[PDB]
Amino acid sequence: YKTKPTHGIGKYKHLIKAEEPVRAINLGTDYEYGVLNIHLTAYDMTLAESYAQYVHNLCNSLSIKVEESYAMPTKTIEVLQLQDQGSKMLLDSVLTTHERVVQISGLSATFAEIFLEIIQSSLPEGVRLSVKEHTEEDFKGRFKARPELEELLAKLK
Amino acid sequence: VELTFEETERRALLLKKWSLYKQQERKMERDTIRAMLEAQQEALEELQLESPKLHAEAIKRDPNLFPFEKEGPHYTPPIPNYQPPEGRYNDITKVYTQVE
Amino acid sequence: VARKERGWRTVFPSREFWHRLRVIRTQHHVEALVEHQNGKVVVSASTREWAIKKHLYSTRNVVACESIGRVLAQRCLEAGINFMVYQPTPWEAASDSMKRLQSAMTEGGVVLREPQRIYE
Amino acid sequence: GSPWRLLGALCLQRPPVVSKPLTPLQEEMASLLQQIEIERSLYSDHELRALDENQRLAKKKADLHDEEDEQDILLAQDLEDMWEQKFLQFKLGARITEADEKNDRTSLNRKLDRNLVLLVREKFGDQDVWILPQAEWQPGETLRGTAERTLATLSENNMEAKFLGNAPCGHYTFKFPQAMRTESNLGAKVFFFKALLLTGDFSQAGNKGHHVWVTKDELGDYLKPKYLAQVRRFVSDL
Amino acid sequence: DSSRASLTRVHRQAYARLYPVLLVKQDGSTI
Amino acid sequence: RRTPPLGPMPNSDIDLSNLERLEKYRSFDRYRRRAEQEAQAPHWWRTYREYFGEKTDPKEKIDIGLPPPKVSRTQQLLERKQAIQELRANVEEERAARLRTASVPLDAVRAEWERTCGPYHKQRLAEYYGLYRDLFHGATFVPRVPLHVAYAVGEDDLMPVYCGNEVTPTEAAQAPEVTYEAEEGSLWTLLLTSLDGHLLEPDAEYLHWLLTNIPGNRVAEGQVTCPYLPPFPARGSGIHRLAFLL
Amino acid sequence: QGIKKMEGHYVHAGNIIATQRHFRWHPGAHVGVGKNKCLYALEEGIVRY
RNA sequence: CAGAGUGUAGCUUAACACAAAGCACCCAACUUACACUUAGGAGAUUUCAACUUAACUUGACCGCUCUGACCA
Ligand SMILES: [K+]
Ligand SMILES: [K+]
């Protein structure tokens, strides 16, 4: 009850973050980096997935917030080879490239050196690491191309 | 194919060893981060006492650190004089378009 | 004919019992308690006890949970406790450990339901 | 000014070139993982063709029906035989190089699996000492900028190093051994900065024998005991 | 080490058998 | 109008500035464990325990029993660890545990339990049954001498008396067979009382059996101060308690 | 809608203690809750909050 | 090498004895992953002597952390 000393003993919504029903990218401060994308590209899907899982768990151990973990679309490349004593290129192998992204935020300026050293030492063979700064173009690149909008936009041009 | 009792027993015992082996990798990796962090923090504290201005510059973020790209180790090293076959790369990735 | 503590319908677990089986599982040990609704422990079986630990390869596995049920069932009969309620969570009830611990208690003689109060 | 002389050292490291050999337990786990993956997988296209091919060959023997069998010119096992021949003809690069057998601790090519650290010998007070490359800080320069300068001062070096952050990863504080102790010049304070060796190496004249690339285990032979203890804290061997 | 997270299997329910192969690059290095 | 709290309010030590960085429960079981701990702590507001909890006296219960036995913890711990190492070393033990076919010997467990934690468990159970409250007006003792009372039923069977197990008046028609571990030259007194049997007076008891100056554990040679009377719980009066006090 | 029996009030079995559109007061010992969130006494005794 | 402080596995003012506890931690399955849950895994009193008590107290013996000498 309001008048009583126990007023507000049942308050609980100040202990929970407010819920709001795309996302603004937070540029880092002078002493902390902004949202960082950790791309992991491998010719083998299991190695990329396994290392992406290692990076996610490592960040949890270090109390680095993982904004999102997601896969980028697979890229298939046919590998043709010039035949012996011939001018015709024949299909040799089909190689698929698999990419996984672990998006982190709030990395410290000083601790960045230690974090990067750990995640490069454990890099498996054939897996490329690319830590970039998140941009809208990266997020938009995950969405299907809209041909109708391009034609209507071309008319305006 | 159903596994034999000895096979299922051998697989269970191997996994039990795997739990302890992986526990000790994490410890070595968890004691390395701690050592690095302590050394860095101790050095920075020593650098603030000696010269505060340099310490202020040291703790700032580096604009040139990212993009940071590192390829993983190879299985065998590059061959000094190896000639790869001639060929072409033809991307055959499907393009997905949203209509409506 | 004794009153059970009815009510508490919006919270968990219920208070409408005379005796309840309460199982505490920790990182290293398994403890099972029979306690009255007033909060007094009546009988107990824990893997921390040397009497039980000396016969167990592990004190944290399904076998330990089944062993605790068997030991507790015997102690219940000697104390005169033939009925109690067990109030597991959904994941606890589905677990093999708790299913084996419950079978041990029922095989040991203890019934894990309580007779209804007689009001008239 | 201050009594302590500000110094900036550089911990230039060559990251492992090749993967590290699997230990006995890792090899056992790798074999089990491969076995489990084969057991739980579906038949591959290659396997189905081999099964189909064997079945048709039996059909051709038991029955006279042929169905063209144009693809039967080559069998799936025949293809496997050709694939193995080309593999046995290709010779892989040596993971253990000549510098590992000759024990030339001046070349990068040695010890491909492990990480290497650069050590340069510098003469102080008519005495030769092994230390990480260092330079003396000068006004109008960040402390890391002093480490960036150490590379330029190196003798006939063509190497591009990538510096990680601006904060130092360690420090070593020593005092002169009473020969030149003075209030103005009490001692020195080196601060180490880690870098990665992207590409490059020393030239022949720079390979005069006054530097070694050494792993962390064999790092003590060169570095002095007190110096070794402060360098073995930020130099990982994971 | 590179073996920290390299010991894996295909974590799928339905997948065709895959075979280990050496990919020889254009400089002669393999993976 | 407001009134300041009379003490620290719940959820006060939580730092609300760093809410996003604070660790969350994430599991129902971790909240419940903390919630159960909070419920047991004393509070300055009105609580269910205040109105329904039994009003225990603040002064501790006087101990009137035998002195605790002296044990060398170091030697005991060393021997216990050695035993576990031997048990775990056996390969057959590991496989039985892994395949969930292992079991414990209940007879051996009870024998060891009777030597070690038995007395404290008997004290806890005796307190729950109200024996200390009624017999000694709240004073408690640890029953450090195990007492084995068994009513001979038939010629080949026994009805053991434990700590609240039901024994019918027909089974208790004759005096029970009482055996305990006693040294030579010691003296003991055994009595049997019905706490609830008394008909006329609520607080009084009935002395069914009294044996005094028992030499060692030879109960038959003790003086029969009071002869044995079988229990006579009246019809419709409920379940009575009969306690053997050595 | 509100409290029908305040602190210290004697209630008989069945007596509605309170009526509420939402769970302002939760049922405790010997207090039943109706389909419409109505709190009623399950025993004869004294109401306590 | 000297002088101080210091002592349970990662943390704990866990440890009355009935007992070296609770949490943190590692693997597998589930999960894109994380998380949860299930089923498993690994652990400690630095070492001896003193009502034998003693993880606890006093001593040495070890490891540790600082303060000096040594130091490029
Ligand atoms: K009576
Ligand atoms: K209502």
Side-chain angles (χ1 to χ4, degrees), chain A residues 1-2 10, chain C residues 1-3 6-12 14-16 18 36 38 80 118, chain F residues 48 54 125-139 149 161 163-173 191-210 226-245, chain G:
Chain A
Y1 191 78
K2 268 174 190 187
Chain C
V1 295
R3 273 187 294 265
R6 300 189 287 173
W8 306 93
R9 284 310 203 115
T10 70
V11 292
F12 171 88
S14 166
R15 276 70 173 175
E16 187 179 354
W18 299 305
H36 195 259
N38 68 18
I118 303 157
Chain F
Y48 160 93
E54 293 179 353
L125 183 62
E127 174 204 14
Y128 160 73
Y129 268 98
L131 302 197
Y132 294 136
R133 168 200 70 188
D134 284 22
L135 298 177
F136 298 92
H137 292 178
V149 170
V161 168
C163 277
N165 74 309
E166 178 174 343
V167 175
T168 79
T170 299
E171 294 170 324
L191 62 83
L192 179 55
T193 47
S194 173
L195 285 71
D196 303 316
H198 207 304
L199 288 159
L200 197 54
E201 306 156 29
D203 188 280
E205 316 157 16
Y206 278 145
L207 174 66
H208 289 270
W209 202 23
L210 191 51
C226 186
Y228 177 85
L229 196 58
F232 45 98
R235 180 145 62 80
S237 62
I239 298 88
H240 304 212
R241 302 165 292 166
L242 275 67
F244 295 91
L245 297 169
Chain G
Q1 274 185 329
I3 289 172
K4 314 295 174 182
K5 304 280 175 167
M6 286 291 195
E7 182 67 11
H9 278 245
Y10 201 84
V11 298
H12 300 290
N15 277 14
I16 289 177
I17 299 165
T19 49
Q20 59 192 342
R21 181 180 182 80
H22 308 289
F23 268 115
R24 169 170 184 182
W25 313 285
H26 279 251
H30 312 300
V31 164
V33 54
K35 177 170 64 72
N36 64 341
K37 302 189 186 76
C38 182
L39 299 190
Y40 62 96
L42 284 164
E43 298 297 345
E44 192 177 336
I46 293 285
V47 179
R48 290 300 180 200
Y49 296 78

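A, B, ... follow the sequence lines: proteins, then strands. Residue 1 opens every chain. Order of listing sets the numbers, starting from 1, for every ligand and every atom in it. No hydrogens, no waters, no symmetry mates; every other heavy atom, side chains included, goes into these values.
- Taking the six-membered ring wherever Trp is involved, the centroid distance between the rings of G:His26 and G:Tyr49 does not fall below 6.0 Å.
- Each protein N, O or S atom less than 3.4 Å from the K ion (ligand 2) was counted, giving 3.
- The side-chain heavy atoms of G:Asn15 and G:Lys5, taken from C-beta on, include a pair separated by under 4.5 Å.
- The side-chain heavy atoms of F:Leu242 and F:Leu195, taken from C-beta on, include no pair separated by under 4.5 Å.
- Between G:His12 and G:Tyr10, the two ring planes are perpendicular [angle over 60°; tilted spans 30° to 60°].
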Quiz item: Checking ring pair (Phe, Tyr, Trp, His ring centres under 6.0 Å) for the pair F:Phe232/F:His208: CA distance, chi angles, key distance, verdict?
Solution: CA-CA 10 Å; F:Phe232 45 98; F:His208 289 270; 5.4 Å; yes
Practice problem: Would you sort out whether C:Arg6 and G:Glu43 count as a salt bridge (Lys or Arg N to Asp or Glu O under 4.0 Å), showing the intermediate values? | Solution: CA-CA 9 Å; C:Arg6 300 189 287 173; G:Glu43 298 297 345; 3.4 Å; yes
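- Atom CD of F:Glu201 is separated from atom NE2 of F:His198 by 4.0 Å, given to the nearest 0.5 angstrom.
- Put simply, the side chain of G:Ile17 reaches to within 4.5 Å of the side chain of G:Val31, judged on heavy atoms.
- Rounding to the nearest 0.5 Å gives a distance of 8.5 Å between CD of F:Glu54 and CZ of F:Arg133.
- Less than 3.4 Å away from the K ion (ligand 1), the protein contributes these N/O/S atoms: F:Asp196 O, F:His198 O.
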